[PDB]
Amino acid sequence: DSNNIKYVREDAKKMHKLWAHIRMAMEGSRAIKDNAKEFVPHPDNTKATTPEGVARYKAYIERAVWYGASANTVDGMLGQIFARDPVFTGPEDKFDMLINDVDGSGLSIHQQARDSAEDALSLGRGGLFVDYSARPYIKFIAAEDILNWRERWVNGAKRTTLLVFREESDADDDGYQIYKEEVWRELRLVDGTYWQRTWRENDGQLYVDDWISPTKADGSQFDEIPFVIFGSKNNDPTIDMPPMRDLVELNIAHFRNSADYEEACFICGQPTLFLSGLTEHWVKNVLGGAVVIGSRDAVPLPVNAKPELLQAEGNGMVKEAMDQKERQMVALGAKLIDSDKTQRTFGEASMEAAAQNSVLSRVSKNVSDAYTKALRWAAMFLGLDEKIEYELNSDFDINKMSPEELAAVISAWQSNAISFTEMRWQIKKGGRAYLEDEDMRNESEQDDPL
Amino acid sequence: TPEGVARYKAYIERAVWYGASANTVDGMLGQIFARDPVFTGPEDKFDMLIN
Amino acid sequence: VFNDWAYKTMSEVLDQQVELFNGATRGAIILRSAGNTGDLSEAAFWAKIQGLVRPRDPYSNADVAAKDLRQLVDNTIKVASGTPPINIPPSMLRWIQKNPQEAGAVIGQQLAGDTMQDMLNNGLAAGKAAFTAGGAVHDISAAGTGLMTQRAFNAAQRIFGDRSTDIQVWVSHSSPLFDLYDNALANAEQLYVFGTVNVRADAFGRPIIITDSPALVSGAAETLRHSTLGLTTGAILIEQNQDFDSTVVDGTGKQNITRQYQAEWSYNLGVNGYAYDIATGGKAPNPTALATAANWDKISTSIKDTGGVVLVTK
Amino acid sequence: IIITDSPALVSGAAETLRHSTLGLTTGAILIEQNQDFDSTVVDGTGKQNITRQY
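Cut-offs and rules
- Residues numbered from 1 in each chain as written, not as in the entry; some residues may be left out.
- Chains lettered and ligands numbered in written order.
- Part of a larger assembly, values for the part shown.
- Heavy atoms only, no water.
- Helix = DSSP H or I, 4+ residues; strand = E, 2+ residues; numbered from the N terminus.
- Rg over C-alpha atoms; globule rule 2.2 N^0.38 Å.
- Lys, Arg positive; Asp, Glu negative; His and termini not counted.
- Charge placed at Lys NZ, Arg CZ, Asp CG, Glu CD.
- Patch = residues over 30% accessible without salt bridge, like charges linked within 9 Å, V, L, I, M, F, W, Y side chains within 5 Å.
- Areas by Shrake-Rupley, 256 points an atom, 1.4 Å probe, with all protein chains shown as cover.
- Salt bridge = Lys/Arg side-chain N within 4 Å of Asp/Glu carboxyl O.
- Buried < 20%, exposed > 50% of the residue type's maximum accessible area, 1.4 Å probe, protein only.
- Contact = heavy atoms within 4.5 Å.
- Buried area = accessible area lost by both parts, 1.4 Å probe.
- Polar contact = N/O pair within 3.5 Å; in protein donor to acceptor, adjacent residues only side chain to side chain.
- 1 Å grid on protein atoms, 1.4 Å probe; cavity = no way out; pocket = protein on both sides within 12 Å on 5 of 7 lines; lining within 4 Å.
- Points joined across faces, edges and corners; volume = space filled by probe spheres on them.
- Nonpolar A, V, L, I, M, F, W, Y, C, P; charged D, E, K, R; others polar.
- Pairing = 2+ DSSP bridges.
- Core = buried A, V, L, I, M, F, W, Y, C linked by side-chain atoms within 4.5 Å.

cryo-EM is the method the PDB entry lists for this structure, together with a resolution of 3.7 Å.

Have a look at this one:
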């Protein structure tokens, strides 16, 4: 009943290369230049084999410039998505244990949500896991740590029966050294019940825990595995296409064209004298293997001698191709990079804002749904209320909220069109209030003469 | 010729895929699925289908 | 009605059926996953005392025969498999045919298939060799054509004795199955009807599982012999140790940058009631070292406790 | 068993007619109709009556 652990599903095998390339792009210039062989082909292989060719390749790659717009693309998208903070719907006094320190490390649920959203926006995969300790912890499983899942149909229902993921840990001896523990977690769903097996894997050994089925506060065990996999497209175990693939490909093409451009700049950038129509007699008589080119000094030339200060000219077609790449990346990513030259008409951009925020809207909902489901499972563990919600900031392109908008929202609160908490969340999101609602209330019933 | 197929790979590996269709369907779906669809009718009875 | 494919699904993955593990063969072949240190893993259990019950004479007890108790030792040998370094070629099949770069994925698929195949084949070969060393083999090559539909299995039952119930599967090559099909399809003794000519079991409730492993076939032309060996509850144990490693390494010095893929893993073999003689064998045995008899000691006192029996048919 | 009186499965006559039967698997034989159908009707004059062809 326990077989073939530490086996990775072959769809993930097809996707590891893309994931690794995307992680390299996120790392920056150093990762790309470390593996320039994969991205930048050698211009001449016959020289490349020879030792005089490999040094040329190194010098070729060092001069190259990595744009690294993909990292900014991801950082900017995480920017508007997490403006202010996500809203939590439900009791707060009995849910502080998950909000303040979601995994027991003192790390707030907001920071783990930020990490998960960045992970699911860069390479479009991630996982959440909740397990009882007494307090449940909402774990976070990276895209590469999830490595096996199953989907069979029991009573005609899409069910995730098997799911295995890997976790890394360092055992603590009395020394100061660092060791690694590749603890795996086996999740199974037999006859509509949830069971899980852990593999101790003691430092220097491999040991396995016995079977056990976590149960809720009242009992009844479970009917679905408390592991949700969120992606750019949706929340299904199936692999989703990473949103950064095309931008990374464009960035790599721009990088290799930048390598070509920088080599050309190093070679032919400097102007060259090009003394033509010259004779060795004239050289050894007057020049003497040395030419003075300053303004104060002149040089003589024989009859029918033409000096041509020749150099590579600007607007090289390689640079034109690089400009095409920059424009093409601008066309794809919303705000990977900015442009001071261009001017945008206001109101026309509002039409296309919804389409430009398509990925942002999806990622937000996919993460919001995943975290809401994880919190509901945690409540089931603790026997709290089930009607709770953790909904991210689906509003993007945020900014200080206008005085006219301020009067509008105040008037809407005077009428019965916006709830008090909705108006508070509005005025907070607009950068006009910072205190919590209860503090504002308890100071509002105070009879200040002013 | 084998040098011909080597030339073809040199020609292809240098190419650039614009990928405008993926961004197109992304924007199209985004425009359609802004906010969320509205459900008409009882909800406490249909919650098992919505959830 | 499925013919249209995805890309590169046509890449051949395996031709021999290897779905012969755990519940597939009624628990005959156990494929667990547990780590174990060293090249050997042995477990010791008490031996069965031979002269426990003796005749006694109360009239004159006279002298008393001395007795003593021993401790048999089982075994589980560890084998190490691997993969030859695989070149990762540039896509040069591009006259008109296409050529991808998913070498890692293709190697992963083929490697999973062949890993399953290799453990299954090594387990079958070790089981056959061990049972032959234990004497639980019935050679049927001279009687008639060489294989009978059902009367041959009775010989194996007679070998295994009073515990005949403990056998509930018959791993076999495809040729013996087709011979059963042909003889059944020509019922010289009328016990089949057209609706029952496709029986897979052996008329004793034991299903016959079919695979074309080279371990169950040998020889050619008139020397061709097929082994159809039956199992017991968990007779052959295969324990993979979770030590898979793989690298991709480039090379410098040749006309092209030579890319490589190399993998390594290990697993453990154990046949019920049998111990691998490491002294006559070796620390890390070859697949042909496992198939060699006299390297397999018979630990269990009785053949019944030892799990399995081999039937040899041409 | 699919019955077909196709002349591709008889190949002979008298005492040397050799019927051939095929055991096929899923997607064994693939036929694609390339939808490049072209049909022309051409007519001629200069006779007592108009002549057409297809």
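**Student:** How would you summarise the overall build of chain A if you had to cite specific residues and measurements?
**Tutor:** From N to C terminus, chain A includes 16 helices and nine strands. Here the C-alpha radius of gyration of chain A, 31 Å, is well above what a compact globule of 450 residues would show, namely 22 Å. Each principal axis of the C-alpha atoms in chain A carries an extent, and together these give about 105 × 70 × 50 Å. Where the 53 positive side-chain charges of chain A centre and where its 76 negative ones centre are 6 Å apart.

**Student:** Tell me about a nonpolar patch on the surface, and please be specific about residues and values.
**Tutor:** Residues and elements named next belong to chain A. Together, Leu273, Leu275, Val291, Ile293, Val299 and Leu309 make up an exposed nonpolar region whose accessible area comes to about 510 Å². Looking at the element boundaries, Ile293 is found in the loop between α10 (280-287) and α11 (317-332). With a relative accessible area of 66%, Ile293 lands in the exposed category.

**Student:** Give a detailed account of unusual backbone geometry, specifying residues and quantitative values.
**Tutor:** Working note: non-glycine residues mostly have negative phi, and peptide bonds are mostly trans. Residue and element names in this part refer to chain A. The phi torsion at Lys6 lies on the positive side, around 60°, for a residue other than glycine. Relative to the helices and strands, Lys6 is located in the segment before α1 (10-27). One non-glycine residue, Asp397, adopts positive backbone phi at about 50°. Mapped onto the fold, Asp397 is located in the loop between β9 (389-391) and α14 (403-414).

**Student:** Would you mind going over the interface of chain B and chain C in detail, with residue names and values included?
**Tutor:** Contacts between chain B and chain C engage five residues on the former and six residues on the latter. Summed over both sides, the interface between chain B and chain C buries roughly 510 Å², with carbon and sulfur atoms accounting for 66% of that surface. Among the residues of chain B in contact with chain C, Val5, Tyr8 and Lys9 of chain B are the three that bury the most area, contributing 83% of the side total. In this assembly, chain B and chain C are joined by two residue pairs in polar contact.

**Student:** An account of empty space enclosed by the protein is requested, with residue identities and associated values reported.
**Tutor:** Over the atoms a probe the size of a water molecule is rolled, and this reveals where empty space is left. Residue and element names in this part refer to chain C. Of the volumes computed, that of the largest cavity is approximately 60 Å³. Around the largest cavity, the lining residues are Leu147, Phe153, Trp170, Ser172, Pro176, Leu177, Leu180, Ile208, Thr228 and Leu311. Mapped by element, the contributors of at least two residues to the lining of the largest cavity are β7 (170-172) and α3 (174-185). Broken down by element, the residue count for the lining of the largest cavity peaks at three residues, all from α3. Residues belonging to the lining of the largest cavity are distributed by class as follows: eight nonpolar, two polar and no charged.

**Student:** Tell me about the environment of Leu224 of chain C, and please be specific about residues and values.
**Tutor:** Residues and elements named next belong to chain C. Residue placement: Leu224 occurs in the loop between β9 (217-218) and β10 (225-227). Exposure remark for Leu224: the relative accessible area of 26% places this residue in the partly exposed category. Each residue touching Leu224, except ones within four places of it in the same chain, is listed here: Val217, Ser218, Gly219 and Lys314.

**Student:** Just give me the short version of the environment of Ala24 of chain C, but keep the residues and values in it.
**Tutor:** All names here are of chain C. Within the secondary structure layout, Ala24 lies in the segment before β1 (29-33). Distance from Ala24 to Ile209, taken between C-alpha atoms, is 8.7 Å for residues 185 residues apart in sequence. The contact partners of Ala24, leaving out residues within four places of it in the chain, are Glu19 and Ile209.

**Student:** Residue-level account of the sheet that holds β10 of chain C, with values.
**Tutor:** Residue and element names in this part refer to chain C. On the basis of which strands lie adjacent, the open sheet formed by four strands has the order β6-β17-β10-β9 and mixed pairing. Strands with a single pairing partner mark the edges of an open sheet, and in this sheet they are β6 (137-140) and β9. Two strands pair when backbone bridges link them, and β10 and strand β17 (residues 310-313) are joined in this way by two bridges, in the antiparallel orientation. Residue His226 lies in a different strand from β17, and its bridge partner there is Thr313.

**Student:** How would you summarise the nonpolar core if you had to cite specific residues and measurements?
**Tutor:** By size, the foremost hydrophobic cluster in this structure holds 80 residues, and its most contacted members are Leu128, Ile146, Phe165, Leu187, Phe227, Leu375 and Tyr390 of chain A. Once you skip the residues sitting within four places of it in the chain, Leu187 of chain A turns out to touch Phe129, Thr161, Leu162, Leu163, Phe165, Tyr194, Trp195, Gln196, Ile225 and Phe227 of chain A. Counting residues in each nonpolar core, the second largest holds 41 residues, with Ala28, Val79, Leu111 and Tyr274 of chain C among its members.

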